[PDB]
Number of protein chains: 4
Amino acid sequence: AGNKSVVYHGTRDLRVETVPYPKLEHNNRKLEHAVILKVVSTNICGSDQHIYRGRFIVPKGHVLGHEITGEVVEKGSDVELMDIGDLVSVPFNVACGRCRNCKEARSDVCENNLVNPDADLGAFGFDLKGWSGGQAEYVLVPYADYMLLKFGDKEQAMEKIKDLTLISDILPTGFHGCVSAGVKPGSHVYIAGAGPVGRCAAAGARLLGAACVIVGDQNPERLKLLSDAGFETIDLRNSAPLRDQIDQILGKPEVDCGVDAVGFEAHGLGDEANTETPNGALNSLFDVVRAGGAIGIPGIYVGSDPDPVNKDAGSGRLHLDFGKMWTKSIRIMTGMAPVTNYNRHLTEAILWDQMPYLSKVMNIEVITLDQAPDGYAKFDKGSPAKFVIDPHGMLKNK
Amino acid sequence: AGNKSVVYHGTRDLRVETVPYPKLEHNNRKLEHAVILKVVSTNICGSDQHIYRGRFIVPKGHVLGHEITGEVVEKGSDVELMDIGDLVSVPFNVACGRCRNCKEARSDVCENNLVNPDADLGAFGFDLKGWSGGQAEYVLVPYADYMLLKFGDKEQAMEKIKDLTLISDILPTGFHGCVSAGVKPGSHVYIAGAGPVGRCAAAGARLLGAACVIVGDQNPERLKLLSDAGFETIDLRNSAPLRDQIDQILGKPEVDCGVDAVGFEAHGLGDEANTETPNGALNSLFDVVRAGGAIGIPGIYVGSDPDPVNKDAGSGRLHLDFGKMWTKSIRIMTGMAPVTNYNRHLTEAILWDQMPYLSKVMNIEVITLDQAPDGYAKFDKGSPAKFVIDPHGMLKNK
Amino acid sequence: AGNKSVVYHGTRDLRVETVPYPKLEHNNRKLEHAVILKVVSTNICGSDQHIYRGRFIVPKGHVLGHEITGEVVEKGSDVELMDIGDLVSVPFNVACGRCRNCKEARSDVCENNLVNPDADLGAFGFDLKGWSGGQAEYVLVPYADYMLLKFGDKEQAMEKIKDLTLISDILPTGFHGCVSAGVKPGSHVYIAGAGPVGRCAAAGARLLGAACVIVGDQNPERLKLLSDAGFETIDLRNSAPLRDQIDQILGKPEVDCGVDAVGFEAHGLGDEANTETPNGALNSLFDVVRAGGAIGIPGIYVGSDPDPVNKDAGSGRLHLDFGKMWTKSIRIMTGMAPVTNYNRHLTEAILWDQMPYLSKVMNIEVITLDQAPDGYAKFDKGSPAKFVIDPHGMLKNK
Amino acid sequence: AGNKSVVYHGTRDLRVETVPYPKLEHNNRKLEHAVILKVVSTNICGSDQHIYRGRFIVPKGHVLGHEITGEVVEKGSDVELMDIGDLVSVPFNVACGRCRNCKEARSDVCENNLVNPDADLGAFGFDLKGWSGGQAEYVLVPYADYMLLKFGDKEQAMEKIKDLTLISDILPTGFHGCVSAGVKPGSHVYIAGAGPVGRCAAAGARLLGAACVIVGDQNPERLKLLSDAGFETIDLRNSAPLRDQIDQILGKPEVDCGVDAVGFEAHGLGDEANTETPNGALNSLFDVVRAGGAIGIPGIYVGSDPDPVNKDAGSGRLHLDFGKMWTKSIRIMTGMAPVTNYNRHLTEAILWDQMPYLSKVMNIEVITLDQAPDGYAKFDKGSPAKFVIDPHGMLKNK
Ligand SMILES: NC(=O)c1ccc[n+]([C@@H]2O[C@H](COP(=O)([O-])OP(=O)(O)OC[C@H]3O[C@@H](n4cnc5c(N)ncnc54)[C@H](O)[C@@H]3O)[C@@H](O)[C@H]2O)c1
Ligand SMILES: NC(=O)c1ccc[n+]([C@@H]2O[C@H](COP(=O)([O-])OP(=O)(O)OC[C@H]3O[C@@H](n4cnc5c(N)ncnc54)[C@H](O)[C@@H]3O)[C@@H](O)[C@H]2O)c1
Ligand SMILES: NC(=O)c1ccc[n+]([C@@H]2O[C@H](COP(=O)([O-])OP(=O)(O)OC[C@H]3O[C@@H](n4cnc5c(N)ncnc54)[C@H](O)[C@@H]3O)[C@@H](O)[C@H]2O)c1
Ligand SMILES: NC(=O)c1ccc[n+]([C@@H]2O[C@H](COP(=O)([O-])OP(=O)(O)OC[C@H]3O[C@@H](n4cnc5c(N)ncnc54)[C@H](O)[C@@H]3O)[C@@H](O)[C@H]2O)c1
Ligand SMILES: [Zn+2]
Ligand SMILES: [Zn+2]
Ligand SMILES: [Zn+2]
Ligand SMILES: [Zn+2]
Ligand SMILES: [Zn+2]
Ligand SMILES: [Zn+2]
Ligand SMILES: [Zn+2]
Ligand SMILES: [Zn+2]
């Protein structure tokens with residue numbers, strides 16, 4: 001036994017410690033549909049940062065991480081498509097493939113009460129519900145035949161591992177933000193957020209063939225990653241209206257498509273740039289998206305905030321410019337991305353060299369498992385890095 | 001001679017008076033593509049009631065009405081598909097058919113500055129912008145070849161005029177609310193609002209083949225029209241939570257599809273049923289719609305409200321349970337319905353006897369022009385009637 | 001042990017005989033995802049008739065039937081959503097729920113080589129591949145958690161069993177024919193074929209809210225079932241062009257939507273009505289579907305015909321009016337219906353009393369297992385009945 | 001003065017001659033909505049070649065050409081969105097924007113009898129019906145406000161005129177072939193045909209973000225344009241089966257998406273590569289497209305062929321492997337592309353430098369009007385050029 005893991009102990013308190021080796025069981029029942037993986041690469045996410053800041057509650061002693069790439073080392077008796085030694089991508093959604101929502105390709109909202117008895121959605125490292133994260137040496141994956149995405153050729157895949165470690169979550173998430181917003185060839189896109197998800201949303205928009213892709217953020221170092229790769233950027237510390245700043249880049253003060261890659265810990269614009277306000281990103285999108293336009297919201301919004309900037313935000317009640325948005329007949333999509341719907345196509349785009357701008361924009365930094373809390377802390381302070389943990393040293397060395 | 005019209009003079013002050021006969025002209029500019037209509041039937045809407053209550057601003061002297069069925073009596077030089085004497089349905093949307101949005105079947109948000117120099121949307125009787133309403137003996141209609149839906153068989157159409165008078169606005173609007181929420185055969189649907197729009201949404205859902213259609217309203221008289229036609233109804237004055245009341249009908253406390261047929265003058269639930277709350281209908285739908293579900297919002301929400309219930313609502317900023325909604329990966333569609341997308345199909349459904357229940361749920365009452373301000377008053381006090389004005393005594397049905 | 005089954009022995013040679021009790025195994029491997037069902041109701045299909053006529057090859061000793069409703073009597077260790085005693089519907093598609101096509105809600109074309117190693121599709125009673133049919137007392141169903149549709153309340157379901165026995169195959173198939181052809185409220189539909197599938201396609205079109213639903217067939221007794229239920233019919237023995245016959249019913253010589261519920265054993269029109277010609281139904285649809293229209297093809301077309309009317313038809317090569325069809329920018333959908341995509345919604349439509357015309361149109365006749373060959377023979381001679389076998393006498397007696 | 005035009009006089013007999021200057025008139029009827037254009041650039045198409053070879057009938061004296069970019073020099077009374085001097089792109093589709101099909105964004109199949117009194121479709125230079133082609137100094141364009149795509153920045157547009165001259169027809173057509181086949185990011189695509197249309201399909205697929213784009217042609221020169229730009233190519237003169245040749249490139253003998261950019265004058269494969277067979281491209285796609293896949297057919301197929309290779313082909317009856325296709329549940333889209341649906345977006349993609357590879361694959365050659373019949377002759381003998389006529393010396397690019 002022995003599994004070294006990133007374990008939650010409290011607000012900004014993460015401890016790398018050895019827990020028992022994962023068994024093929026959940027809630028004291030054998031899972032013959034499940035596999036154990038030896039973790040190849042495992043990233044740190046802005047969703048993990050919500051937990052780290054104490055803005056998303058998990059039980060003390062919960063293992064974090066939901067961006068898993070690994071190798072099958074053990075399987076139950078009902079795993080018929082995965083072999084020991086297979087290199088695979090794990091979607092962050094824990095989904096059964098057997099319930100109504102899974103059968104209608106809506107694995108983002110799995111209804112199976114064995115995945116989550118208290119709500120219709122599953123996720124690693126979020127306690128949704130009771131699935132250990134993958135910021136560890138090993139991890140249990142239920143429903144392996146449905147869940148896992150095989151990287152057919154190990155050698156082809158490992159040479160692009162820094163790109164393919166994003167297939168677990170954030171590229172499909174950013175891409176989903178774009179697709180649900182109707183981003184297509186020749187579209188004009190504004191993305192709120194230049195964290196790892198927003199930078200993936202920008203890369204997804206380019207792959208989709210968008211004409212003008214503009215990204216806004218208060219963080220100039222994160223934005224520089226994008227503008228160096230040919231993307232248009234807006235510094236949101238500027239006091240001039242966002243519409244006017246778009247108008248200077250585009251020739252029009254409005255965009256076809258808006259993508260919210262920020263979430264509930266959003267900040268304001270201009271002199272509000274250092275003020276946390278949960279309606280900051282949303283209301284800016286309602287403002288800049290044109291009549292007949294659409295909005296995707298990959299950024300997380302919670303039904304409960306344990307430490308909100310106002311009382312309403314504590315119950316997920318936000319103060320939203322709905323009337324303005326309604327008048328423009330804007331369409332909105334929300335929620336966890338159904339990674340299973342996009343992961344295969346996005347992998348094909350990477351392996352066939354369609355995304356050379358992805359690594360340029362992502363700023364991947366490979367760290368060890370012991371270095372992870374330092375990574376979280378650096379990320380918490382606005383680092384322009386995407387931290388990827390290599391718990392077995394399988395990624396050579398740079 | 002003069003054109004007798006319903007004219008707005010102030011809050012709850014409408015006057016049936018003569019206005020100069022309509023010319024084929026707008027802002028002194030000659031309209032080659034336009035037509036004059038002798039009005040056959042012209043309805044009163046909940047949207048007109050917003051104006052009537054002083055909650056939607058139009059200028060003093062503005063002619064009201066946007067639910068027009070009429071006969072062509074005059075045509076400009078560039079009208080090739082309409083003849084004098086043709087019975088037509090007018091979409092409430094003023095739309096050119098020539099701009100980008102119109103060309104992409106989005107006539108709800110016409111971008112033509114000659115239709116509306118400011119916002120991207122056109123509509124009769126809402127000053128959007130400067131198009132006179134059709135609650136009158138005669139009405140100007142621009143871009144006639146694009147705008148108008150001609151009933152091929154005039155006599156057949158006239159025998160179903162009480163159903164077809166709804167083709168101008170509220171049937172396509174309610175139907176759009178359903179379609180945009182993904183209402184399809186076997187669907188479970190909750191509709192907020194049992195006014196004429198909500199009743200048309202219910203009729204549209206039946207036509208779509210929905211399994212279970214539930215309509216909620218604080219108004220009992222309005223709900224009984226639906227009850228008597230085999231629709232499920234919830235009395236929103238009841239103290240019990242809506243989810244549980246839905247549970248009692250359906251067997252599940254959640255629906256596939258939510259339709260908001262109320263708008264910004266919404267009231268609360270149970271003990272707050274006599275209290276106005278602009279978030280009342282929206283938050284109820286965020287609650288009762290299932291994970292993976294969808295919402296259509298045909299009810300109007302405005303960017304500005306002159307007499308709001310709180311200061312935020314004055315600028316169309318609502319307090320919405322966006323977190324609850326987001327967690328369920330719910331999709332939302334908003335805005336004026338693009339009537340042209342649905343009016344032909346819905347006409348065909350009526351003409352071929354697919355909607356016998358429509359007249360049953362609608363409670364059409366036929367009045368004269370002189371009776372119109374009395375119609376508005378009864379409607380404003382919660383009347384279960386759908387008022388249809390007959391300016392030239394052309395209906396004589398009852 | 002002991003399982004009395006309809007067994008194929010040759011052209012028009014079916015023998016009811018007792019075979020070994022089904023085990024939870026396939027190709028000498030244990031299936032822990034599978035269940036054994038005690039068969040409640042099991043229908044005879046026009047697809048079975050292809051086998052019976054010797055036009056679709058299965059091995060001698062193959063058990064026929066793919067329209068299964070049953071009760072779970074045994075389950076493997078990885079069946080987590082189905083309980084012993086559950087009343088369930090079995091989609092005719094054998095699908096794994098784990099391959100790429102199944103994950104993208106395309107269970108009609110399962111790629112799993114354990115379902116079918118030789119082609120990307122699975123089906124009971126077709127040797128696709130090696131899955132015994134369900135015209136028997138018991139039947140094995142693989143991948144039970146993904147495959148099966150639970151009828152939650154046994155008592156509610158059994159009172160509608162004559163309707164719900166169609167949920168396994170032909171209602172979803174006919175409905176799929178309509179949906180893929182864009183049948184929606186107010187549509188004008190022509191359906192080729194008034195066998196059980198075509199009569200389900202007509203019932204599906206009504207549920208969808210179609211304005212005019214016209215069905216064509218040479219068989220007048222099958223057509224009478226439809227016209228007695230308010231549908232429009234065309235006798236294809238008539239020598240007048242189909243377009244003109246539609247024009248007499250509709251007012252236009254063309255329809256929005258065409259549905260091919262015939263297949264490769266099609267007959268001609270007029271004096272060709274008694275001549276078998278595999279392009280008979282298809283070319284008629286290419287003729288009567290309007291510009292911008294769409295066609296659904298639920299009727300089976302084979303890549304190999306062992307006894308064709310011409311040499312080309314032996315290799316599935318048909319002589320098709322493609323140019324005529326191309327010029328009208330018509331869209332075509334083909335293939336086995338993905339029953340899993342429609343079965344739940346269609347069940348909801350039945351249980352909520354939305355389809356009272358279905359039984360009126362279907363002409364269900366309940367027979368015993370020993371009476372099955374007589375049923376096949378009667379069906380072969382153009383019987384207007386839908387034969388449903390009750391192998392345990394669970395359907396009372398009429 | 002006279003309008004110098006390319007005029008059809010018979011098979012392989014075109015004459016550059018003067019014709020009466022265009023009036024704002026059609027069938028002696030005055031056109032308020034129409035415009036006259038001074039032609040900036042006007043291309044030669046494969047569709048013009050069908051006419052040139054005597055395979056598509058037009059009357060003697062008909063003016064050819066339907067790939068028009070021009071400047072507005074005259075406008076009727078009802079043209080409100082175009083000004084004199086405006087640089088515009090003309091969709092090859094003649095479409096009113098006022099009929100049911102046009103109003104539903106289906107301008108490929110305009111139903112207006114004033115556009116075409118017979119079939120539901122309009123096009124310049126194809127006698128559909130009686131609209132003169134744009135291979136001339138001047139051209140009449142009806143319904144200008146609906147039809148025309150105006151380039152906002154005239155100078156910017158002119159600097160990319162060699163790319164934008166394709167916006168009238170072949171780029172939107174090839175792009176439509178891809179989109180209708182479901183080409184999206186990560187897609188594997190096979191395109192039949194490396195003429196200018198097939199090359200635009202390839203460029204469109206790249207813009208869409210396809211992983212693997214394979215183009216087949218018997219013509220090596222035409223394929224090399226694609227090869228040099230990093231596209232995969234298959235020499236169709238090779239004896240090996242196409243599936244296996246695809247296997248060698250892709251790793252699978254099947255593609256997600258098939259595009260037929262050839263049409264009814266298709267040739268065979270391998271040893272039959274110099275043999276004309278109207279089913280050659282279609283059957284290859286029925287073979288190489290996977291189960292659950294889709295096909296787009298931008299290549300023209302006609303209801304009547306005056307010089308067919310067999311009697312069936314004379315009435316547009318083709319011998320198609322429909323059985324093979326059906327078994328794979330493949331979807332098919334056909335017909336003239338609705339250019340208006342794509343032209344704005346594709347323009348935006350060009351203007352924002354998303355298509356540097358377009359000029360690389362297209363091999364634009366600029367010729368004068370006098371050189372046009374020589375252009376047709378070289379093109380007819382398999383030239384890898386895309387011929388663009390410059391009637392007033394307005395391009396001067398090379
Ligand atoms: N839906 C899903 O499938 C799912 C999966 C993964 C991540 N997420 C979410 O995506 C979000 C993005 O996280 P991340 O990993 O990119 O790191 P992040 O949280 O650091 O990114 C947010 C960025 O947005 C910027 N920002 C703050 N206010 C803004 C505003 N008003 N307008 C524009 N930008 C603003 C911040 O400076 C920050 O750089 C998180 O909320 C995370 O929870 C959702
Ligand atoms: N989108 C469009 O194309 C468009 C077109 C026409 C009308 N509309 C809008 O539709 C809305 C309804 O129109 P109407 O003619 O039925 O007017 P209406 O005002 O008479 O109908 C609203 C009904 O909703 C009920 N209600 C109030 N609060 C509720 C709640 N919280 N939950 C459920 N029901 C509640 C009221 O009792 C009332 O009967 C109006 O806001 C109107 O402006 C929009
Ligand atoms: N795609 C699927 O999911 C799947 C599933 C089940 C059944 N099917 C197929 O559906 C088809 C229908 O079978 P069925 O069970 O209704 O019984 P059937 O085979 O008897 O029905 C065919 C009917 O069409 C009539 N017909 C013959 N030529 C015609 C023509 N040219 N135009 C119009 N009608 C014509 C016949 O008289 C006959 O009544 C069969 O081919 C079957 O294989 C496909
Ligand atoms: N749908 C539309 O909107 C529309 C518009 C424009 C053009 N088109 C049509 O598109 C087609 C192609 O146009 P083009 O300008 O490229 O003309 P083209 O004739 O020069 O291109 C056809 C190419 O296909 C090749 N070919 C022949 N048989 C083949 C096969 N079996 N498989 C693969 N390739 C094969 C030929 O060698 C040739 O290079 C024409 O039929 C044209 O009429 C349609
Ligand atoms: Zn994440
Ligand atoms: Zn699930
Ligand atoms: Zn209204
Ligand atoms: Zn417009
Ligand atoms: Zn069947
Ligand atoms: Zn499968
Ligand atoms: Zn062309
Ligand atoms: Zn038209």
# chains A, B, ... in the order shown; residues from 1 in each chain; ligands from 1

call {"tool": "interface_residues", "arguments": {"of": "chain B", "to": "chain C", "cutoff": "12 Å", "atoms": "only C-alpha atoms", "output": "VMD selection string"}}
result
chain B and resid 152 to 153 172 175 to 176 179 183 to 188 203 to 213 230 to 232 249 to 251 256 342 to 355

call {"tool": "residues_near_ligand", "arguments": {"ligand": "ligand 10", "cutoff": "12 Å", "atoms": "only C-alpha atoms and all ligand atoms", "output": "PyMOL selection string"}}
result
(chain A and resi 80-81+97+103+145-146) or (chain C and resi 93-117+119-123+142-143+146-147+338+340) or (chain D and resi 291-292)

call {"tool": "write_last_selection", "arguments": {"atoms": "N, CA and C atoms", "output": "compact mmCIF listing (two decimals), in the first residue's frame"}}
result
# COMPACT_ATOMS: atom_id res chain seq x y z
N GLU A 80 -14.01 -3.96 -19.96
CA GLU A 80 -13.84 -4.72 -21.20
C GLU A 80 -13.18 -3.95 -22.34
N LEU A 81 -12.94 -2.65 -22.15
CA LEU A 81 -12.34 -1.81 -23.19
C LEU A 81 -10.97 -1.27 -22.81
N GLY A 97 -22.74 6.55 -17.08
CA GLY A 97 -22.99 6.08 -18.44
C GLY A 97 -24.25 5.25 -18.57
N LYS A 103 -27.08 8.79 -20.73
CA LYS A 103 -27.54 8.17 -21.98
C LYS A 103 -27.87 9.20 -23.06
N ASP A 145 -15.05 1.83 -18.39
CA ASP A 145 -15.32 1.61 -19.81
C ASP A 145 -16.01 2.83 -20.45
N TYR A 146 -16.93 3.44 -19.71
CA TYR A 146 -17.63 4.63 -20.16
C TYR A 146 -16.76 5.87 -19.97
N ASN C 93 -31.93 -2.54 -30.62
CA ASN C 93 -30.49 -2.32 -30.77
C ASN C 93 -29.75 -2.97 -29.62
N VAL C 94 -28.85 -3.90 -29.93
CA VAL C 94 -27.87 -4.33 -28.94
C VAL C 94 -26.72 -3.32 -28.94
N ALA C 95 -26.57 -2.62 -27.82
CA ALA C 95 -25.60 -1.53 -27.67
C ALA C 95 -24.92 -1.58 -26.31
N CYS C 96 -23.63 -1.23 -26.29
CA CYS C 96 -22.80 -1.42 -25.10
C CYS C 96 -22.83 -0.25 -24.11
N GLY C 97 -23.07 0.96 -24.62
CA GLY C 97 -23.08 2.16 -23.79
C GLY C 97 -21.70 2.66 -23.42
N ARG C 98 -20.68 2.05 -24.01
CA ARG C 98 -19.29 2.26 -23.60
C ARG C 98 -18.38 2.68 -24.76
N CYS C 99 -18.77 2.34 -25.98
CA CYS C 99 -18.00 2.73 -27.17
C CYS C 99 -18.29 4.19 -27.56
N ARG C 100 -17.50 4.70 -28.50
CA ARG C 100 -17.65 6.07 -29.00
C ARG C 100 -19.07 6.41 -29.49
N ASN C 101 -19.64 5.56 -30.35
CA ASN C 101 -20.99 5.80 -30.88
C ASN C 101 -22.08 5.78 -29.80
N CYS C 102 -21.98 4.85 -28.86
CA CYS C 102 -22.90 4.79 -27.73
C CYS C 102 -22.79 6.03 -26.82
N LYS C 103 -21.57 6.51 -26.63
CA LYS C 103 -21.31 7.67 -25.78
C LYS C 103 -21.83 8.98 -26.40
N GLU C 104 -21.92 9.01 -27.73
CA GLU C 104 -22.48 10.16 -28.46
C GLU C 104 -23.96 9.97 -28.81
N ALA C 105 -24.65 9.13 -28.03
CA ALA C 105 -26.07 8.80 -28.22
C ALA C 105 -26.39 8.27 -29.62
N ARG C 106 -25.52 7.39 -30.11
CA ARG C 106 -25.73 6.74 -31.39
C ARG C 106 -25.65 5.22 -31.22
N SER C 107 -26.54 4.71 -30.35
CA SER C 107 -26.64 3.28 -30.02
C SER C 107 -27.17 2.43 -31.17
N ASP C 108 -27.66 3.08 -32.23
CA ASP C 108 -28.09 2.39 -33.45
C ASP C 108 -26.90 1.74 -34.17
N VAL C 109 -25.72 2.33 -33.99
CA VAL C 109 -24.49 1.87 -34.63
C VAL C 109 -23.35 1.62 -33.63
N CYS C 110 -23.61 0.76 -32.64
CA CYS C 110 -22.61 0.33 -31.66
C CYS C 110 -21.36 -0.25 -32.32
N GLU C 111 -20.19 0.25 -31.92
CA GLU C 111 -18.90 -0.14 -32.50
C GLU C 111 -18.20 -1.28 -31.74
N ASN C 112 -18.69 -1.59 -30.54
CA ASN C 112 -18.11 -2.63 -29.69
C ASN C 112 -18.07 -3.98 -30.41
N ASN C 113 -16.86 -4.50 -30.61
CA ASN C 113 -16.68 -5.79 -31.27
C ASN C 113 -17.17 -7.01 -30.47
N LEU C 114 -17.45 -6.82 -29.18
CA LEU C 114 -18.08 -7.87 -28.36
C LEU C 114 -19.59 -7.97 -28.60
N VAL C 115 -20.18 -6.90 -29.14
CA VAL C 115 -21.57 -6.91 -29.59
C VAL C 115 -21.67 -7.49 -31.01
N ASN C 116 -20.82 -6.99 -31.90
CA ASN C 116 -20.72 -7.46 -33.27
C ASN C 116 -19.29 -7.24 -33.75
N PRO C 117 -18.56 -8.34 -34.02
CA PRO C 117 -17.16 -8.16 -34.44
C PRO C 117 -16.99 -7.78 -35.91
N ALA C 119 -19.23 -5.77 -37.99
CA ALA C 119 -19.91 -4.55 -38.44
C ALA C 119 -20.34 -3.70 -37.24
N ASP C 120 -20.49 -2.40 -37.44
CA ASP C 120 -20.82 -1.49 -36.33
C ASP C 120 -22.32 -1.32 -36.14
N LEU C 121 -22.97 -2.38 -35.67
CA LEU C 121 -24.38 -2.35 -35.29
C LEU C 121 -24.77 -3.66 -34.62
N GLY C 122 -25.67 -3.57 -33.64
CA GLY C 122 -26.17 -4.73 -32.92
C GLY C 122 -27.68 -4.82 -32.93
N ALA C 123 -28.20 -6.05 -32.95
CA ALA C 123 -29.64 -6.29 -32.97
C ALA C 123 -29.99 -7.71 -32.56
N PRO C 142 -27.70 -8.20 -22.80
CA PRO C 142 -26.42 -7.71 -22.32
C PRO C 142 -26.50 -6.22 -21.95
N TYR C 143 -25.52 -5.74 -21.20
CA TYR C 143 -25.39 -4.33 -20.83
C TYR C 143 -26.69 -3.74 -20.28
N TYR C 146 -27.43 0.07 -19.09
CA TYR C 146 -27.51 1.01 -20.19
C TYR C 146 -28.72 0.72 -21.06
N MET C 147 -28.94 -0.57 -21.35
CA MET C 147 -29.93 -1.00 -22.33
C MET C 147 -31.38 -0.80 -21.91
N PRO C 338 -32.06 4.68 -33.29
CA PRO C 338 -31.51 4.58 -31.93
C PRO C 338 -32.63 4.67 -30.90
N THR C 340 -33.02 4.00 -27.85
CA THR C 340 -32.66 4.60 -26.57
C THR C 340 -32.88 6.13 -26.54
N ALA D 291 -19.89 4.37 -39.88
CA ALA D 291 -21.19 4.22 -39.25
C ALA D 291 -21.43 5.37 -38.28
N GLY D 292 -22.54 6.08 -38.48
CA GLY D 292 -22.86 7.26 -37.70
C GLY D 292 -22.31 8.53 -38.32

call {"tool": "residues_near_ligand", "arguments": {"ligand": "ligand 4", "cutoff": "7 Å", "atoms": "only C-alpha atoms and all ligand atoms", "output": "ChimeraX atom specification"}}
result
/D:45-47,50,169-170,173,192-198,216-219,222,236,261-269,280-281,297-300,335-337,379,382

call {"tool": "select_by_dssp", "arguments": {"residues": "range 19-56 of chain B", "states": "strand (DSSP E)", "output": "PyMOL selection string"}}
result
chain B and resi 19+25-26+29-30+35-43

call {"tool": "write_last_selection", "arguments": {"atoms": "N, CA, C and O atoms", "output": "short mmCIF file (atom, residue, chain, number, x, y, z; two decimals), in the first residue's frame"}}
result
data_model
loop_
_atom_site.label_atom_id
_atom_site.label_comp_id
_atom_site.auth_asym_id
_atom_site.auth_seq_id
_atom_site.Cartn_x
_atom_site.Cartn_y
_atom_site.Cartn_z
N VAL B 19 -57.00 60.13 -35.67
CA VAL B 19 -55.64 60.50 -35.98
C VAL B 19 -55.57 60.58 -37.51
O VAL B 19 -56.33 59.89 -38.19
N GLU B 25 -45.39 56.12 -45.39
CA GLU B 25 -44.34 57.08 -45.05
C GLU B 25 -43.92 56.93 -43.59
O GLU B 25 -44.75 56.65 -42.72
N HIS B 26 -42.63 57.12 -43.32
CA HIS B 26 -42.08 57.04 -41.96
C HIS B 26 -40.87 57.97 -41.84
O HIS B 26 -39.90 57.84 -42.59
N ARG B 29 -40.02 59.97 -44.89
CA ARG B 29 -39.42 59.15 -45.95
C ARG B 29 -40.48 58.22 -46.56
O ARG B 29 -41.23 57.56 -45.84
N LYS B 30 -40.52 58.18 -47.89
CA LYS B 30 -41.49 57.38 -48.64
C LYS B 30 -41.15 55.89 -48.59
O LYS B 30 -39.99 55.51 -48.80
N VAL B 35 -47.37 48.94 -46.88
CA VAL B 35 -48.77 48.62 -47.13
C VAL B 35 -49.63 49.31 -46.06
O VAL B 35 -49.15 49.56 -44.95
N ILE B 36 -50.86 49.66 -46.41
CA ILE B 36 -51.86 50.08 -45.43
C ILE B 36 -52.84 48.94 -45.24
O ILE B 36 -53.23 48.29 -46.21
N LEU B 37 -53.23 48.70 -43.99
CA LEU B 37 -54.20 47.66 -43.67
C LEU B 37 -55.47 48.20 -43.06
O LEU B 37 -55.43 49.04 -42.16
N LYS B 38 -56.61 47.72 -43.55
CA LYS B 38 -57.87 47.85 -42.83
C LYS B 38 -57.86 46.74 -41.78
O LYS B 38 -57.73 45.56 -42.12
N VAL B 39 -58.00 47.11 -40.51
CA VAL B 39 -57.85 46.16 -39.41
C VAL B 39 -59.10 45.29 -39.22
O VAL B 39 -60.20 45.81 -38.98
N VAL B 40 -58.93 43.98 -39.34
CA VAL B 40 -60.01 43.01 -39.16
C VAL B 40 -60.20 42.70 -37.67
O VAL B 40 -61.32 42.77 -37.14
N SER B 41 -59.11 42.34 -37.00
CA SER B 41 -59.11 42.08 -35.57
C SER B 41 -57.79 42.54 -34.97
O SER B 41 -56.73 42.42 -35.61
N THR B 42 -57.85 43.06 -33.75
CA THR B 42 -56.69 43.65 -33.09
C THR B 42 -56.81 43.49 -31.57
O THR B 42 -57.72 44.03 -30.94
N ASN B 43 -55.90 42.71 -30.98
CA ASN B 43 -56.04 42.28 -29.58
C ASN B 43 -55.39 43.22 -28.56
O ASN B 43 -54.57 44.07 -28.92
#
